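Read the structure below first, then the notes.
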Amino acid sequence: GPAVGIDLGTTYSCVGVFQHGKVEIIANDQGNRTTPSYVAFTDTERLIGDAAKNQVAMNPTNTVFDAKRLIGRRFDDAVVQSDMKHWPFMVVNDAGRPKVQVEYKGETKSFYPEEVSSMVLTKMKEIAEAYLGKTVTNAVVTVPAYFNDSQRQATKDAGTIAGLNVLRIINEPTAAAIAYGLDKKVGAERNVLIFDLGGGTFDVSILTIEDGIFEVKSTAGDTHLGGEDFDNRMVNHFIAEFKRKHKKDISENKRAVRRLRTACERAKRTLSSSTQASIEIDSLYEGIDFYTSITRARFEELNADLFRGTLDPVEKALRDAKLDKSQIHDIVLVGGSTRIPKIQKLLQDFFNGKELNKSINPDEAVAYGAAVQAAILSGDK
Ligand SMILES: Nc1ncnc2c1ncn2[C@@H]1O[C@H](COP(=O)(O)OP(=O)(O)O)[C@@H](O)[C@H]1O
Ligand code: VO4
Ligand SMILES: [Mg+2]
Ligand code: NA
Ligand code: NA
């Protein structure tokens, strides 16, 4: 059967298949090549992906995300206790293990992180089956390099619960380097820097690849820095604007803020390919339309400290790997946020003009590599 690669991401998931010599990243029901890592529980149904994210403002306590922050962890973990303060859904303690508790079909139900993640994997599985016209069973699923065995095991368990046969759990930076065939170059060792800025996390990884061995020399970053923060800065910018223009503070209107956030995330993506973007929202608040624009320069300015700051973990990784900048053979862009021109310029400048590996859509590069690995492990490459 066709073996697939699945990036089970903190904020977005992505599924690819290697067939007939190339990787095809598979579009979902709405034609989207990534799917939000969201699950929602209502009076009648369980929603996964876009459908779940789309109704978050109307059903916030029963809409679950960030399961990857809980997966493989214990309830009393300092990380878990800290993150819980920021989620609108309830996390409870079941004999040491955290569970998300929600209302579902009129009943109180609780789910382990790997159960929530299994639902996301089910959706990714169904997405591949919709495209392929065939049952999909075998998969390679990816995780951050820093994941321990409990986290790796729970992620595997998520796959099993979804009916996936998990061929192997591989590291995200390894998937990215495989995508670019950086293990297959004629020569000795290659030093590879993976610069991965996603929706919720920032990961820098330095790999030394030789004889099929992907030695992790160092990792660095920020588990709470991603595209979400850039959207936040934009949202705050426009809330302030609306306040000045209309003498209204829309802050506590969850639906209004959500529609603004949606518009902001969209404008941000647009600004990666254009120097300006329109914000167009009918009846944002009290039937007041919000039609405006934002320039790439203003988006950059709003986020300047955060963008520049990404270079600090790059320096930390280099010193921990005992390598000079000039000793890096390949630099790889991973994660949707690395599409931002300013971030690319900052990194290329930091490496004194060195070209970046970015031809593969960075939000798809992890799935791409996982798909290649899946084909290898199923004997189809
Ligand atoms: N063209 C783009 N420009 C800027 N940001 C983007 C673009 N496309 C996607 N993003 C952002 O990338 C983030 C998601 O990254 P992704 O790698 O897909 O998921 P994850 O963080 O779960 O691995 C989101 O913040 C999203 O808004
Ligand atoms: O799913 V990630 O937050 O490791 O890019
Ligand atoms: Mg990612
Ligand atoms: Na992802
Ligand atoms: Na990341």
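Identifiers in this document derive from the order of the structure tokens: chains are assigned A, B, ..., residues are numbered from 1 separately in each chain, and ligands are numbered from 1 in order of occurrence.
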Find the residues around segment 12-26 of chain A up to 6 Å (only C-alpha atoms counted), leave out those fewer than 5 positions away in its own chain, and share them as a PyMOL selection string. chain A and resi 4-7+33-37+367-368+371-372
Could you pull the residues within 12 Å of residue 187 of chain A, counting only C-alpha atoms, minus those fewer than 2 positions along the same chain, as a VMD selection string? chain A and resid 182 to 185 189 to 191 209 to 211 329
Residue subset to file, keeping C-alpha atoms, as a short mmCIF file (atom, residue, chain, number, x, y, z; two decimals), in the first residue's frame:
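That gives us result17.cif:
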```cif
data_model
loop_
_atom_site.label_atom_id
_atom_site.label_comp_id
_atom_site.auth_asym_id
_atom_site.auth_seq_id
_atom_site.Cartn_x
_atom_site.Cartn_y
_atom_site.Cartn_z
CA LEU A 182 21.83 16.35 2.00
CA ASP A 183 22.74 12.79 3.08
CA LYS A 184 23.36 11.81 -0.57
CA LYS A 185 26.11 14.23 -1.73
CA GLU A 189 30.66 14.94 6.27
CA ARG A 190 28.23 17.81 5.72
CA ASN A 191 27.35 20.36 8.42
CA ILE A 209 25.72 14.06 8.20
CA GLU A 210 28.15 11.29 7.23
CA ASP A 211 27.72 7.64 6.19
CA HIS A 329 27.72 23.41 4.30
#
```
Got a sec to tell me which of segment 112-335 of chain A DSSP assigns to strand (DSSP E), as a ChimeraX atom specification? /A:138-143,165-171,190-197,202-210,213-222,276-285,288-295,330-334
Please check which protein, DNA or RNA residues sit within 8 Å of ligand 5, counting only C-alpha atoms and all ligand atoms, and write them as a tab-separated table (two decimals) with C-alpha atoms, in the first residue's frame.
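Output file out_5.tsv is given in full below:
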```
chain	number	residue	atom	x	y	z
A	9	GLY	CA	2.95	19.90	13.71
A	10	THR	CA	2.29	22.02	16.81
A	144	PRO	CA	11.19	17.65	17.19
A	196	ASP	CA	12.74	26.17	11.60
A	197	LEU	CA	10.32	28.99	12.48
A	198	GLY	CA	6.76	27.66	12.71
A	199	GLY	CA	3.39	28.82	14.04
A	200	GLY	CA	4.23	28.28	17.72
A	201	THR	CA	7.88	27.17	17.96
A	202	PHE	CA	11.35	28.18	16.78
A	203	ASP	CA	13.91	25.37	16.38
A	223	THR	CA	9.38	26.75	22.20
A	226	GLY	CA	6.33	31.52	16.13
A	334	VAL	CA	11.70	24.99	7.50
A	335	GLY	CA	8.34	26.19	8.89
```
Contacts of residue 156 of chain A at 9 Å or less, counting only C-alpha atoms, minus same-chain residues fewer than 6 places along, as a list in words?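 Close residues of residue 156 of chain A: residues 114, 141, 164, 165, 166, 168 and 169 of chain A.
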Find the residues around residue 338 of chain A up to 10 Å (only C-alpha atoms counted), leave out those fewer than 3 positions away in its own chain, and share them as a list in words.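 Surrounding residues, per the criterion: residues 195, 196, 197, 198, 226, 227, 272, 332, 333, 334, 335, 341, 342, 343, 344, 347, 358, 361, 362 and 363 of chain A.
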Just C-alpha atoms for this one: save the residues we selected as an mmCIF file, in the first residue's frame.
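Writing done, so here's again.cif:
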```
data_model
loop_
_atom_site.group_PDB
_atom_site.id
_atom_site.type_symbol
_atom_site.label_atom_id
_atom_site.label_comp_id
_atom_site.auth_asym_id
_atom_site.auth_seq_id
_atom_site.Cartn_x
_atom_site.Cartn_y
_atom_site.Cartn_z
ATOM 1 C CA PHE A 195 16.320 27.037 10.722
ATOM 2 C CA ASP A 196 12.736 26.168 11.602
ATOM 3 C CA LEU A 197 10.323 28.991 12.476
ATOM 4 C CA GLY A 198 6.761 27.659 12.706
ATOM 5 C CA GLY A 226 6.328 31.524 16.129
ATOM 6 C CA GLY A 227 3.999 33.039 13.551
ATOM 7 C CA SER A 272 5.613 37.381 2.012
ATOM 8 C CA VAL A 332 17.727 24.850 5.286
ATOM 9 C CA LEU A 333 14.525 26.869 5.755
ATOM 10 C CA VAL A 334 11.700 24.995 7.498
ATOM 11 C CA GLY A 335 8.345 26.193 8.888
ATOM 12 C CA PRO A 341 11.421 37.937 3.302
ATOM 13 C CA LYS A 342 12.857 39.869 6.292
ATOM 14 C CA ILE A 343 13.665 36.616 8.149
ATOM 15 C CA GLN A 344 15.350 35.181 5.016
ATOM 16 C CA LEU A 347 19.643 34.780 8.029
ATOM 17 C CA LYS A 358 14.227 27.128 0.321
ATOM 18 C CA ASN A 361 7.807 25.124 0.551
ATOM 19 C CA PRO A 362 9.245 25.378 4.112
ATOM 20 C CA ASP A 363 5.894 24.478 5.786
#
```
Residues at most 8 Å from residue 369 of chain A, counting only C-alpha atoms, excluding those fewer than 2 positions away in the same chain, as a ChimeraX atom specification? /A:5,174-180,365-367,371-373
Could you tell me, as JSON, numbers by chain, which residues of segment 144-359 of chain A DSSP assigns to helix (DSSP H, G or I) when given the backbone? {"A": [149, 150, 151, 152, 153, 154, 155, 156, 157, 158, 159, 160, 161, 172, 173, 174, 175, 176, 177, 178, 179, 227, 228, 229, 230, 231, 232, 233, 234, 235, 236, 237, 238, 239, 240, 241, 242, 243, 244, 245, 246, 254, 255, 256, 257, 258, 259, 260, 261, 262, 263, 264, 265, 266, 267, 268, 269, 270, 296, 297, 298, 299, 300, 301, 302, 304, 305, 306, 307, 308, 309, 311, 312, 313, 314, 315, 316, 317, 318, 319, 320, 325, 326, 327, 336, 337, 338, 339, 341, 342, 343, 344, 345, 346, 347, 348, 349, 350]}
So that I can check the surroundings of residue 304 of chain A, please list as a list in words every protein, DNA and RNA residue that reaches within 12 Å of it, counting only C-alpha atoms and ignoring chain neighbours fewer than 5 positions away.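 What passes the distance filter is residues 229, 230, 233, 296, 297, 298, 299, 309, 310, 342, 343 and 346 of chain A.
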For the residues selected in the previous step, produce a file with C-alpha atoms as a PDB file, in the first residue's frame.
```
ATOM      1  CA  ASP A 229       3.451  36.134  17.924  1.00  0.00           C
ATOM      2  CA  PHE A 230       3.637  38.055  14.652  1.00  0.00           C
ATOM      3  CA  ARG A 233       1.517  42.151  17.134  1.00  0.00           C
ATOM      4  CA  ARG A 296       5.377  45.083   4.400  1.00  0.00           C
ATOM      5  CA  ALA A 297       7.535  47.782   6.081  1.00  0.00           C
ATOM      6  CA  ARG A 298       4.937  48.261   8.864  1.00  0.00           C
ATOM      7  CA  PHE A 299       4.598  44.499   9.427  1.00  0.00           C
ATOM      8  CA  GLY A 309      16.099  37.839  17.934  1.00  0.00           C
ATOM      9  CA  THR A 310      15.966  34.623  15.875  1.00  0.00           C
ATOM     10  CA  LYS A 342      12.857  39.869   6.292  1.00  0.00           C
ATOM     11  CA  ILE A 343      13.665  36.616   8.149  1.00  0.00           C
ATOM     12  CA  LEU A 346      18.398  38.391   8.257  1.00  0.00           C
TER      13      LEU A 346
END
```
Could you tell me how far atom CA of residue 66 of chain A sits from atom CA of residue 84 of chain A, in Å to one decimal place? 10.3 Å
Among A:330, A:94, A:301, A:29, residue 110 of chain A is approached most closely, using only C-alpha atoms, by A:94
